[PDB]
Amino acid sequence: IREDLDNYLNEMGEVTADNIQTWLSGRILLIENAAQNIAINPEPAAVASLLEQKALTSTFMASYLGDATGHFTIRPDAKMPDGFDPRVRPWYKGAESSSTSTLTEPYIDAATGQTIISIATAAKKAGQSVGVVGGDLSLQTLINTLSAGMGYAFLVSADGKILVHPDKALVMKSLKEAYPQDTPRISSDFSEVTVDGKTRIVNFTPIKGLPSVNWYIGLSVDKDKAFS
């Protein structure tokens, strides 16, 4: 009854990881397509036109272009904080320093003030960059995708930082901070930990095929309700 829990958890981890990968992949492709189209014609009226299109506005909280002069275009348009400079934001630094698209860890959106992640990629016109295109996805949207019986899934980086968790208090806490006693180890196939008085078993599964990041799905399930 222990190698059936093990097999259950390893399989649900793989299914969860694959769901997240395919959910993110289509969104990454839209931002790459936006960056490719922006590189055709980076004039600001053309950029605005592209970012206003319904495929982007229905998929992302907003999408935007920032460039090396500090120019910024965001759609839907939104008053940015005084002094806003895209070149110092995490989406921008991540992407300008990557040969591929990127995904940020959670960070505080300058537009809305809520915690989000961004997909971002440099727009290159004959190898020369014309800026960084990004699109935003809310933390809640990610929580909702990870939660679509015995337990729950969370998203954790390969440094062991919890990135998306149904307990929002654990977002951006390391595994050690979040589980100070009996810290789940990504290096082991399973981990048992006592939480809320109950015993839980924890699995990690790498999410394949994501550009620039190395992230895992964590599965945490109650031992008792699952062993039964």
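A residue's number is simply how far along the shown sequence it sits, counting from 1. For clarity, a rigid core is taken as the largest C-alpha set superposing within 1.5 Å between two forms.
Trainee: Do the Cα atoms of 181-189 or of 58-66 sit farther, on average, from the shown structure in 6 other deposited structures of this protein when the rigid core is superposed?
Mentor: Looking at 181-189 versus 58-66 in 6 other deposited structures of this protein, the farther one turns out to be 181-189.
Trainee: Line up the rigid core: which moves more in 6 other deposited structures of this protein, 123-131 or 149-157, by C-alpha RMS?
Mentor: Between 123-131 and 149-157, greater C-alpha deviation in 6 other deposited structures of this protein belongs to 149-157.
Trainee: I want to check something about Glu43: across the other compared entries that model its neighbours, is it left unbuilt in at least a third?
Mentor: It is not, since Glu43 is included in all of the other entries that model both flanking stretches.
Trainee: In a third or more of the other entries compared, is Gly197 missing its coordinates?
Mentor: Yes, left without coordinates in at least a third.
Trainee: With respect to the deposited sequence, how many residues separating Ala148 from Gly149 are not represented by coordinates: none, 1 to 3, 4 to 9, or 10 or more?
Mentor: Missing residues, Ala148 to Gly149: 4 to 9.
Trainee: Please compare 171-179 with 194-202 and say which has the higher mean C-alpha temperature factor in the record.
Mentor: It is 194-202 that shows the higher mean C-alpha B-factor.
Trainee: Given the B-factors recorded for C-alpha atoms, which segment has the greater mean, 209-217 or 7-15?
Mentor: If you average the C-alpha B-factors of 7-15 and of 209-217, the larger mean comes out for 7-15.
Trainee: From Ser157, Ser97, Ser118, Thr121, can you pick the one with the highest C-alpha B factor in the entry?
Mentor: Highest C-alpha B-factor among the listed residues goes to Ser97.
Trainee: Among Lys125, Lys93, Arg75, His71, which residue carries the highest C-alpha B-factor recorded in the PDB entry?
Mentor: That would be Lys125, according to the entry.
Trainee: Relative to the other modelled residues of the same chain, rank the CA B-factor of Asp67 and answer lowest, middle or highest third.
Mentor: Middle third of the chain for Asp67's C-alpha B-factor.
Trainee: Place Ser101 in the lowest, middle or highest third of its chain's C-alpha B-factors, as listed in the PDB entry.
Mentor: Middle third - that is where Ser101 ends up once the chain's C-alpha B-factors are sorted.
Trainee: Would you check the entry's CA temperature factor for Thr59 and let me know if it's in the chain's lowest, middle or highest third?
Mentor: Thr59: CA B-factor falls in the lowest third of its chain.
Trainee: Taking the chain's C-alpha temperature factors as the reference, tell me which third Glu52 falls into: lowest, middle or highest.
Mentor: Middle third by C-alpha B-factor.
Trainee: Considering only modelled residues of the same chain, in which third does the CA B-factor of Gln36 rank: lowest, middle or highest?
Mentor: Tercile = lowest for this residue's CA B-factor.
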